[PDB]
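Shown next, in structure tokens, is the structure this report addresses.
All of the numbers you see were taken from the coordinates with simple rules; none came from a lab. So basically every Cβ, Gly included, is an ideal-geometry build from the backbone, and we count neighbours across all protein chains shown.
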Amino acid sequence: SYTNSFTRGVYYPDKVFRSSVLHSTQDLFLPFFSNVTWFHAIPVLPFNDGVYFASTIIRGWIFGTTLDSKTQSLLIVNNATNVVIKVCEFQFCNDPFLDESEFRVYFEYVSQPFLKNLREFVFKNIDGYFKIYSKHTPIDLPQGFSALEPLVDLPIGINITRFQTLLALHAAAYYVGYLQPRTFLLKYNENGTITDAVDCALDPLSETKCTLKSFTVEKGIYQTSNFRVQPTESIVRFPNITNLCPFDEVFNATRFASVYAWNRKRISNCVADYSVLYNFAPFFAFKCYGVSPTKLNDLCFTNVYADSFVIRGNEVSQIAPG
Amino acid sequence: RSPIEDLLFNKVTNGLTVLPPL
Amino acid sequence: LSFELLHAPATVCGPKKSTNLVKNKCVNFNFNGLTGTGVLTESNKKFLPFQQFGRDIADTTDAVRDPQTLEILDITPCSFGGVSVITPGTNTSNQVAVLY
Amino acid sequence: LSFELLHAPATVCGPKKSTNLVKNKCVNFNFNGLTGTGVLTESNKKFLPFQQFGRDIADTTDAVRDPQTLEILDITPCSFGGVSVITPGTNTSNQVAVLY
Amino acid sequence: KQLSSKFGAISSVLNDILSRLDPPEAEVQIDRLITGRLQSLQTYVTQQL
Ligand SMILES: *[C@@H]1O[C@H](CO)[C@@H](O[C@@H]2O[C@H](CO)[C@@H](O)[C@H](O)[C@H]2NC(C)=O)[C@H](O)[C@H]1NC(C)=O
Ligand SMILES: *[C@@H]1O[C@H](CO)[C@@H](O)[C@H](O)[C@H]1NC(C)=O
Ligand SMILES: *[C@@H]1O[C@H](CO)[C@@H](O)[C@H](O)[C@H]1NC(C)=O
Ligand SMILES: *[C@@H]1O[C@H](CO)[C@@H](O)[C@H](O)[C@H]1NC(C)=O
Ligand SMILES: *[C@@H]1O[C@H](CO)[C@@H](O)[C@H](O)[C@H]1NC(C)=O
Ligand SMILES: *[C@@H]1O[C@H](CO)[C@@H](O)[C@H](O)[C@H]1NC(C)=O
């Protein structure tokens, strides 16, 4: 079903200390008052930049890209005494689970176990580092502020595209959210504990507090942001010319002019397709100054002049301004 | 309006924003 | 290969097809390689047909002439400017207002 | 041995050869890559067991945790400031009084 | 009037450099443009102030 998030989704941006100092930080965060997925099905789940996890007894996670032996994948198991972190290539099943007598799930690091109480997780993997955040909080999402503590970090250094979960047996329900890069205002304490936070992208009052660095505001008019309507579509109008510019005649030529006696040719009043240019072997060129070699069709110009000569080879880069 | 300030008003004459006076 | 961004009509560029003209909606337009954001409306500016496009005091794009069918269209930006709020002290209530 | 680069993040590095800890004198320090000079003085605040260094409103390194042990220190710059002079002019006398 | 000047860059247009040049290669030009416009706005604000 669909359940609306209230407070969960705030973690420490970095291992820094602030003594009750209001601060604004723009990282990958969970947007406030956005609904998350409550799953009761017995599948394949997508993965955006940063994922939220929460569960009520149930252990095991599946991470990777295509869940096959052709690429790297993550396998973590924390049953009752230790947690393992494995990165390798392995083939997974469509719906794997566990049986503490049998295992039907089909480097190495061992750490402390992760073990009424509420379990929530946030797994962020940017810049080649897989971040782990977890905190156990005792008390249907409960109401009340809490800051998610950070666990250890492992430099896996691979991409993550799709993820799944594992069921523990001796289906159940679990919560999966999503993240979005936005700005949060975080309030610390004198002990170094985050006790209050707010987002300034959903409410005008919270946006007003966001530019004042305080949740307490006074009477008056405050200028926060601008008003703008987004463009709906894109319209392109090009000249109606169909003449097939003579790039093939000037390029597929059996002879060129000399270096000291170079000739000049002008290409105009035709349609220029910059996609037949690549059928003449790999090049020692396309290092372009003042123009993008990747974007050669959207921009429009005129008066193109082309000259043909030869070069020795040791001074290919000598044809350059400066 | 009195006519004197009427005559004085007649004699005396995009990413920006021009806020009106209070 | 030599290229220049001179004040001349566009002759040679990509074979990407055009679309139908649309009015009364501010969008991004690609008119002969000129990039800009604004709404397209019927223009009352009528001049001698010997200039491609014109400018203004702000040295921006305000008059256009697409070469497929020769008519003059008006360009002006859509809604802009800052936005402010109206609110009392947060200790009393949270009834806020939006001011444009 | 075979060295491979541009394939993975850093996993194995070389030695570091750290030194002892000094107090009550401003010297340059290297606390997990932090660069700066200041007096290392014992603190009174406590940290959660995941921070390494603290900051303030001025966003400067004022508190740091040692990597060799579990004692929280402080970073405070030592004595600094412009010097001032007191003189009655060269036409009367030549005695001067330096003022810090 | 001084907003629409090139400030020594390739193009005076605000958004034409986003597609004409590679965004890796437009960093120095856009930095020069933003610091020139920042200087112009600063001196205008000080005069007005
Ligand atoms: C790094 O090594 C030092 C070696 O001195 C460790 O310091 C000792 O820590 C134990 C822990 O209880 C104390 O009982 C000893 O008294 C400490 N030694 C001294 C000389 O005071 C330190 O704990 C080690 N750090 C880590 C992270 O392993
Ligand atoms: C939130 O609710 C809307 C409307 O009911 C739905 O379209 C959307 O998928 C929901 N979001 C999630 C994450 O379930
Ligand atoms: C795999 O990871 C690399 C990391 O550099 C990334 O560039 C690439 O886009 C990823 N592959 C996919 C299909 O996202
Ligand atoms: C902060 O630390 C002090 C220790 O002097 C303690 O008395 C107080 O309860 C702590 N406050 C919190 C919120 O942990
Ligand atoms: C392109 O098509 C338009 C359609 O109205 C036509 O007016 C124009 O003459 C055509 N171009 C040429 C070069 O014939
Ligand atoms: C306004 O806030 C103050 C706290 O600074 C509080 O004491 C006072 O009662 C508030 N006024 C109200 C709620 O009318």
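Conditions (1) closer than 18 Å to residue C:35 by Cβ; (2) among the basic types (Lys, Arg); (3) within 14 Å of chain C (Cβ to nearest Cβ); (4) within 11 Å of the chain's Cα centre (by Cα), marked per residue:
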| position | (1), (2), (3), (4) |
| --- | --- |
| E:1 | no, yes, yes, no |
| E:4 | yes, no, yes, yes |
| E:30 | yes, no, no, yes |
| E:44 | no, no, no, no |
| E:49 | no, no, no, no |
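Per the conditions (1) in contact with a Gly (Cβ under 9 Å, 6 or more places away or on another chain); (2) away from ligand 4 (no atom under 16 Å from the Cβ), the sole criterion not satisfied by residue A:171 is (1).
Figure legend. Inter-residue proximity from the range C:44-64: first residues closer than 20 Å to residue C:29 by Cα, second residues aromatic (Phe, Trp, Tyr), beta-carbon distance below 6 Å, spacing 6+ or different chains. Indicated pairs: C:63/C:53; C:64/C:31; C:64/C:53. Run down A:208, A:232 and say which single residue is within 11 Å of chain C (Cβ to nearest Cβ), of a type outside the set (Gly, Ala, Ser) and surrounded by 13 or more Cβ atoms within 10 Å (Cβ to Cβ). The match here is A:208. The criterion of being more than 16 Å from ligand 5 (Cβ to nearest atom) and within 14 Å of chain C (Cβ to nearest Cβ) does not hold for residue A:254.
Cβ-Cβ distances below 8 Å connect the following pairs, each with a first residue in the range E:2-26 that is exposed (fewer than 14 other Cβ atoms within 10 Å of the Cβ), a second residue that is in a loop (DSSP other than H, G, I, E, B), and a separation of six or more residues or different chains: E:4/C:58; E:4/C:59; E:4/C:60; E:4/E:12; E:6/E:12.
With respect to (1) in contact with a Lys or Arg (Cβ under 7 Å, 6 or more places away or on another chain); (2) assigned to a helix (DSSP H, G or I), the lone exception for residue E:7 is condition (2). For the range A:288-301, the criterion of being farther than 30 Å from residue E:29 by Cα and surrounded by 14 or more Cβ atoms within 10 Å (Cβ to Cβ) is met by none of the residues. Scanning for something within 14 Å of chain D (Cβ to nearest Cβ), small (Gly, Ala, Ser) and more than 21 Å from the chain's Cα centre (by Cα), does the range A:158-181 turn up at least one residue? Scanning the range A:158-181, I find no residue that is within 14 Å of chain D (Cβ to nearest Cβ), small (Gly, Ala, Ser) and more than 21 Å from the chain's Cα centre (by Cα), so the answer is no.
Residues of the range A:250-267 that are aliphatic (A, V, I, L, M) and either in contact with a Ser or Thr (Cβ under 6 Å, 6 or more places away or on another chain) or not in a strand (DSSP E or B) (or both): A:250, A:253, A:257, A:259, A:261. Just so you know, in the range A:1-16 the residues that are outside any loop (DSSP other than H, G, I, E, B) and more than 11 Å from every other protein chain (Cβ to nearest Cβ) include one that is farthest from ligand 2 (Cβ to nearest atom), and it is A:11. Within the range A:157-167, the presence of a residue that is more than 16 Å from ligand 1 (Cβ to nearest atom), under 24 Å from residue A:23 (Cα atoms) and in contact with a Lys or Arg (Cβ under 9 Å, 6 or more places away or on another chain) is excluded.
Matching residues to (1) closer than 24 Å to residue A:116 by Cβ; (2) in a loop (DSSP other than H, G, I, E, B):
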site	(1), (2)
A:20	no, yes
A:28	no, no
A:32	no, yes
A:38	yes, no
A:54	yes, no
A:59	yes, yes
A:80	yes, yes
A:84	no, no
A:92	no, yes
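When the residues of the range A:158-182 are filtered to those that are among the polar types (S, T, N, Q) and either in contact with a helix residue (DSSP H, G or I) (Cβ under 9 Å, 6 or more places away or on another chain) or part of a strand (DSSP E or B) (or both), the one that is farthest from residue A:55 (Cα to Cα) is A:180.
Checking the stated criteria, residue D:21 turns out not to satisfy the condition of being within 13 Å of chain A (Cβ to nearest Cβ) and on the phi < 0 side of the Ramachandran plot. Taking the conditions (1) facing chain C (nearest Cβ under 10 Å); (2) under 13 Å from residue C:1 (Cα atoms) in turn, residue A:298 satisfies each one other than (2). Just so you know, in the range A:144-157 the residues that are of a type in the set (A, V, I, L, M, F, W, C) and either more than 14 Å from chain D (Cβ to nearest Cβ) or assigned to a loop (DSSP other than H, G, I, E, B) (or both) include one that is surrounded by the most Cβ atoms within 10 Å (Cβ to Cβ), and it is A:156. Considering only residues that are over 23 Å from residue A:38 (Cβ atoms) and over 15 Å from the mean Cα position of the chain (by Cα), look in the range A:148-157 and name the one that is farthest from ligand 4 (Cβ to nearest atom). Filtering the range A:148-157 for residues that are over 23 Å from residue A:38 (Cβ atoms) and over 15 Å from the mean Cα position of the chain (by Cα), the one farthest from ligand 4 (Cβ to nearest atom) comes out as A:156.
Pairs linking a residue in the range A:240-255 that is away from ligand 2 (no atom under 16 Å from the Cβ) to a residue that is among the basic types (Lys, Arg) and not in a helix (DSSP H, G or I), with Cβ atoms under 9 Å and 6 or more positions apart or on different chains, are A:246/A:265; A:250/A:265. Could you check, for the range A:117-127, whether at least one of its residues is within 27 Å of the chain's Cα centre (by Cα), within 16 Å of ligand 2 (Cβ to nearest atom) and among the aliphatic types (A, V, I, L, M)? Looking for residues that are within 27 Å of the chain's Cα centre (by Cα), within 16 Å of ligand 2 (Cβ to nearest atom) and among the aliphatic types (A, V, I, L, M), one finds at least one in the range A:117-127, hence yes.
Restricting attention to the range C:26-68, the residues being among the basic types (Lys, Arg), over 25 Å from residue A:233 (Cβ atoms) and surrounded by 13 or more Cβ atoms within 10 Å (Cβ to Cβ) number 0.
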